[PDB]
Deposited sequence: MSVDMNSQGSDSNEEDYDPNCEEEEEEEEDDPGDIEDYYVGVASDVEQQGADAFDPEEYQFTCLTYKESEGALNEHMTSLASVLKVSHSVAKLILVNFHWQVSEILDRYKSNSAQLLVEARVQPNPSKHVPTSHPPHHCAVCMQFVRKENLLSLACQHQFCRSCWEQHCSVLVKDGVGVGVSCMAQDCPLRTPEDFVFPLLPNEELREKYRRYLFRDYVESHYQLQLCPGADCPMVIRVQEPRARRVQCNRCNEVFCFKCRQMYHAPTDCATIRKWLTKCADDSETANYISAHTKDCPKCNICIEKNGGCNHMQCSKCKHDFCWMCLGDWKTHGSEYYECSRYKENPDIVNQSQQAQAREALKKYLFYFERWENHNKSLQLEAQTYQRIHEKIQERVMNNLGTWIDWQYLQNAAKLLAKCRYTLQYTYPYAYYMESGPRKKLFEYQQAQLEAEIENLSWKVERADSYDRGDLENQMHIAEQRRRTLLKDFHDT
């Protein structure tokens, strides 16, 4: 699995303070300056030391500590009033302003949730106020504690090895030794998410691609109001069949016809060998046609992928309900002394494996939509077809568990898991 850790806010504070003190000792700088450097360089100590040896002036400028190199005032530039010399503060940029206006500036910014990003009051000036400068300018303790909380938030966000738990009101931090776009789960609120973008787990797609896909699903006119079909007419009977299970292999109870929920085409074409339902039938010479036909083809392709994305989500939901009913039936058998949980554990294992596999499959479709043509896309489409075929086989067998024995169900489990593993090892990239 992915090697991650769940730390409390106290442990995270301790780790961050250790890093700060080490860097402040090494660089012969104050703690606030060291924090500024660490935040600007995402707490990557190696790059910080390398660039400090390369150009210390450029490092202090980029970290917003010193102004770019390329007699008092007694007049604050924002309140226009004359003030005392001691009540006239400034950063290294020497932009001087009076103490009352500094207090007002910091108080407003902190009240608006700003932590690290408090900057000089002069336009364009990139300098950022260090902690030891802001803290005396905050009068009350709730303001100082708000500032500390926002600073800790910004520190965990900027730290390349740490991420705040997206769970609502969850005071946990997820730590990772080598940050990648992989699945993590907080052990206090059970929130699952991708480590890189802090959104829903989305393998094999990367973070940018899935963000684009979600925005397109929500914004495009043809999909913003989309509702998946609850019922469909049997290709043989025309009877209104309802989709209650997650398995897309439907058998009409009236005529015994086996068809596919996405196609309305017969199921004997949807075996593991020669699985075609998941590939988009692309047009090769449609780049050489009119803009009308090109836009129509773009709509066709987008809908082909989006409908399967949506239907696999719906199937995940329906299969979760099926798993709940299975759990209830095993509970009933156990209390009736018809067996024990160990003898039906294979069924719940199959259900969890099916959920995992169909999650992966659901996310394979944005990946296939945003892929460019070529042999890599053909390889991905073959692996995706194998995954989908074995997934629908496993879901059929899980929905009808009393008609199948332990052996073939575990075999289908292993087959679907192997297909999912192959897809992930080939296409879950950096």
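How would you write out the unmodelled ranges of the deposited sequence, numbered from 1?
Missing CA coords at 1-57, 128-133.
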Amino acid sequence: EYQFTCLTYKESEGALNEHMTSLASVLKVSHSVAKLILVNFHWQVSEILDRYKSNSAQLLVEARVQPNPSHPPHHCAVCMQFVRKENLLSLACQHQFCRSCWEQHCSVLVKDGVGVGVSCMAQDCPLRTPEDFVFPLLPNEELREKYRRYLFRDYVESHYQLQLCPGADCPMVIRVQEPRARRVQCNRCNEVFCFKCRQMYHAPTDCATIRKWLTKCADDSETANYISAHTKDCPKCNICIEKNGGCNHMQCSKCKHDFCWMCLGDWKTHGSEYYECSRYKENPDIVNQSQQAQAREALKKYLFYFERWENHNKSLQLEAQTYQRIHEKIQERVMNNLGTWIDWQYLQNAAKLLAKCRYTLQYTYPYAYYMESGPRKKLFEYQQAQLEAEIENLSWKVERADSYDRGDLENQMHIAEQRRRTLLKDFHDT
From here on, numbers count along this sequence of modelled residues.
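Higher mean Cα B-factor in the deposited model: 311-319 or 270-278?
Of 270-278 and 311-319, the stretch with the higher C-alpha B-factor average is 270-278.
Hey, which bit's got the bigger mean C-alpha B factor in the entry, 249-257 or 150-158?
Averaging CA B-factors over each stretch, the winner is 249-257.
Can you pull the Cα B-factors for 164, 200, 237, 353 from the entry and say which is highest?
Comparing C-alpha B-factors across 164, 200, 237, 353, the top value belongs to 237.
Tell me which of 70, 40, 364, 44 tops the list for C-alpha B factor in the record.
It is 70.
Comparing against every modelled residue in the chain, figure out the third that the C-alpha B-factor of residue 90 lands in (lowest, middle or highest).
CA B-factor rank for residue 90: middle third.
Which third of the chain does residue 145 land in by C-alpha B-factor: lowest, middle or highest?
Its C-alpha B-factor, which the entry lists for residue 145, ranks in the highest third among residues of this chain.
Tell me, lowest, middle or highest third: where does the Cα B factor of residue 394 rank within its chain?
Its C-alpha B-factor belongs to the lowest third of this chain's values.
Test of reading the entry: by CA B factor among the chain's modelled residues, which third contains residue 124?
According to the entry, residue 124 has a C-alpha B-factor in the chain's highest third.
Check where residue 34 lands among this chain's C-alpha B-factors and tell me if it's the lowest, middle or highest third.
Lowest third - that is where residue 34 ends up once the chain's C-alpha B-factors are sorted.
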